[PDB]
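A short worksheet on the structure shown next.
Just so it is clear, none of the values below were taken in a lab; they were calculated from the coordinates. In this analysis, Cβ positions are derived from the backbone assuming ideal geometry, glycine residues included, and neighbour counts consider all displayed protein chains.
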Amino acid sequence: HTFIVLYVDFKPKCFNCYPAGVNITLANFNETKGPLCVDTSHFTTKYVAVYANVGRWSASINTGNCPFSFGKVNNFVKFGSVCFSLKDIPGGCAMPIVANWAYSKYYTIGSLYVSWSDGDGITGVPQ
Amino acid sequence: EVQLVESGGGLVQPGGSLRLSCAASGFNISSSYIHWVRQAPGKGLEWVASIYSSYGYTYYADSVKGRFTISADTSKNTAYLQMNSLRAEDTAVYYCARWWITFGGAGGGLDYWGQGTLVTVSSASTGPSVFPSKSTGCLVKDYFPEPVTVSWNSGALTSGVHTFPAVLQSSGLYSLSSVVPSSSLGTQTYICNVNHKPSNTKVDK
Amino acid sequence: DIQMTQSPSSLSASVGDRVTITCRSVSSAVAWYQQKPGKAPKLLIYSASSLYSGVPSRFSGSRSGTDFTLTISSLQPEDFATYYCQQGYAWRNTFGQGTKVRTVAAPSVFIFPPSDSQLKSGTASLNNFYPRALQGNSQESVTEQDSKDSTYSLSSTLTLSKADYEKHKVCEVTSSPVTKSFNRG
Ligand SMILES: *[C@@H]1O[C@H](CO)[C@@H](O)[C@H](O)[C@H]1NC(C)=O
Ligand SMILES: *[C@@H]1O[C@H](CO)[C@@H](O)[C@H](O)[C@H]1NC(C)=O
């Protein structure tokens, strides 16, 4: 199949607040070429925590604009095709990548945008 | 009301520069994608560049990437293609087109088409001549380049009329013709209307 | 970055026949258009799933594995067009080779003399037929297939000048070769 890896990375009065971590990257995502599209019949959604998961900190990928949290795509779901991008995909949806200094304070860093095609032509893979 | 209007073509020297304007009505261009597609004479569809005008996304093709440039004016509701450093691989008829999105991000496809306009990369010069009981027809000669409009009585009625493509004269000029009522020759004054655009040749004869 | 392959690029069948146009790393994002020669195309099928509202139901497109296919149930005379399969998304457009898509009729041959206004410079100089001093110097031109007629048309371009003013006062079809080449008077 094809791996779809989403790397999240950041380096932390509130010292760890506002971590200037920008290495949010996608697998061979030539943005000018366009969103990274699924051309194989199978693909594996993968979330990578490059950011130092200090006990004080954590992260999330929960998306309100999308029907499915990242990692329910791995489950067999009705897609015909699907492209992933970190630039806004018109007529699609978006995933906020919040970051918690602690449970007390949150803030988003990046947004994961995903294309979408009709029906159930291609299914995901949770291998 | 819904229309895509290509304009701003014609004849260009080698390595010259042109600008195609794709006006639109009946829809706002920013809410959709606008693509260009070029068809070479006697060839198939060749993929050119596209733009999402609202966000400003400019995607290109593998052949025309460092030569063509896409843009748009959403206040004017008009897309544009600036073409520089042209060669005879690019001479073709270009069409601007509207791509609409599915309820997801793939898009449905390219919805809407225009009639397009043809550009000719040539260094040759560009003035045709029109000259007309056999059983039970205007002739265009010495023109360059295409196209040439042929009609009868200003698009009054042409039923069963066949039009012939340009006859390639080996010297580099063109020629063609077009043409039935058997028992009604002197009923009205049948006259043809032929227009050669780049030579500005339009007289009813 | 994937490429698309389309074949055959010339498929000339008869009425009622099922044209099976096919193209082929892919997914559910392809489209099918038709096009008359020198005319604007039209969106027939998209995402190999459904039609465009108003498109005839004889066109149907679907895929198996890596193979996308358009099929016409009962071909009609107006279905004459060059069909193109497109692949990609709202940003990427890619096409293929293109696929070009029958009762014999009678050809009536006309050919007319030069005009007086043509002779001043020094120069001088076939209807709805299904089937496909001699020189091909005098040129000939062909039209595309007609809509209901499904017929064609040819031209007899006499590539002549006033250098042959009175050289020859005196048509070529393949039973009886029609000889309506008239003389001057
Ligand atoms: C981001 O991480 C990738 C993983 O290998 C690395 O190649 C790249 O240099 C990193 N970019 C940074 C730290 O700016
Ligand atoms: C995109 O592809 C081009 C191919 O020439 C390459 O030069 C460029 O570095 C690539 N950029 C990214 C961000 O992958």
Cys residues of chain C counted as unpaired, since no other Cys beta-carbon is under 4.7 Å: C:171
Anisotropy class of the range A:1-60 from Cα gyration tensor, a/c 1.5 cut: oblate
Can you check what the net charge comes to around residue C:50, using other residues whose Cβ is under 15 Å from the Cβ of residue C:50 (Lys, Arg +1; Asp, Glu -1)? -1
Size of the dipole of the protein assembly as shown about the Cα centre, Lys and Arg at +1 and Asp and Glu at -1 on the beta carbon, nothing else charged, in debye to 20? 400 debye
Enumerate the calculated ³J(HN,Hα) couplings along the range B:155-164 in order (Karplus 6.51 cos²θ - 1.76 cosθ + 1.60, θ = phi - 60°), each rounded to whole Hz, writing x wherever the residue is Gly or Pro. x, 5, 8, 10, 10, x, 7, 10, 10, 9
Give, to the nearest whole percent, the P(r) tail of the protein assembly as shown beyond 36 angstrom, counting all Cα pairs. 47 percent
Which whole-percent values make up P(r) of the range B:67-109 when all C-alpha to C-alpha distances are grouped in 10 Å steps starting at zero? 20, 37, 34, 10, 0
Give A:72/B:65; B:197/C:42; B:43/C:120; A:87/B:43; B:197/C:120; A:87/C:100 a once-over and call out the pairs whose C-alpha atoms are over 28 Å from each other. A:72/B:65; B:43/C:120; A:87/B:43; A:87/C:100
Here the range C:68-79 yields Karplus 3J(HN,Hα) values (6.51, -1.76, 1.60; θ = phi - 60°; whole Hz; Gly and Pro given as x) of 9, 8, 9, 9, 10, 5, 10, 5, 10, x, 6, 6
Take the alpha carbon atoms of the range C:64-131, find their radius of gyration, then divide it by 2.2 N^0.38 Å using N residues; give the quotient. 2.09
Distance from the Cα centre of the range B:148-174 to that of the range B:70-100, in angstrom? 28 Å
Of the residues B:97, B:75, B:114, the Cα lying farthest along the dipole of the range B:3-121 towards its positive end, which is defined by charges on the beta carbon of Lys, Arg, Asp and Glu, belongs to B:75
Using the Karplus equation 6.51 cos²θ - 1.76 cosθ + 1.60 (θ = phi - 60°), what ³J(HN,Hα) coupling, rounded to whole Hz, does each residue of the range B:101-116 give in order, writing x for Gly and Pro? 8, 4, 5, x, x, 5, x, x, x, 8, 4, 10, 10, x, 7, x
Kindly identify chain B as rounded, prolate or oblate by the Cα gyration tensor criterion: order the square roots of the eigenvalues as a ≥ b ≥ c, call it rounded if a/c is under 1.5, otherwise compare a/b with b/c, prolate if a/b is larger, else oblate. prolate
List the chymotrypsin sites (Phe, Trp or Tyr not before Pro) within the range A:74-127 that DSSP assigns to loop and that have no more than 15 neighbouring Cβ atoms inside 10 Å. A:76, A:103
Expressed as a whole number, the average count of other chain Cβ atoms within 10 Å around the Cβ atoms of B:53-65 is 3
Please give the net charge around residue C:29, taking every other residue with its beta carbon less than 11 angstrom from that of residue C:29, where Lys and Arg add +1 and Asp and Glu add -1. 0
Report, as an integer, the average count of C-beta atoms from other chains found within 10 Å of each Cβ along C:27-40. 6
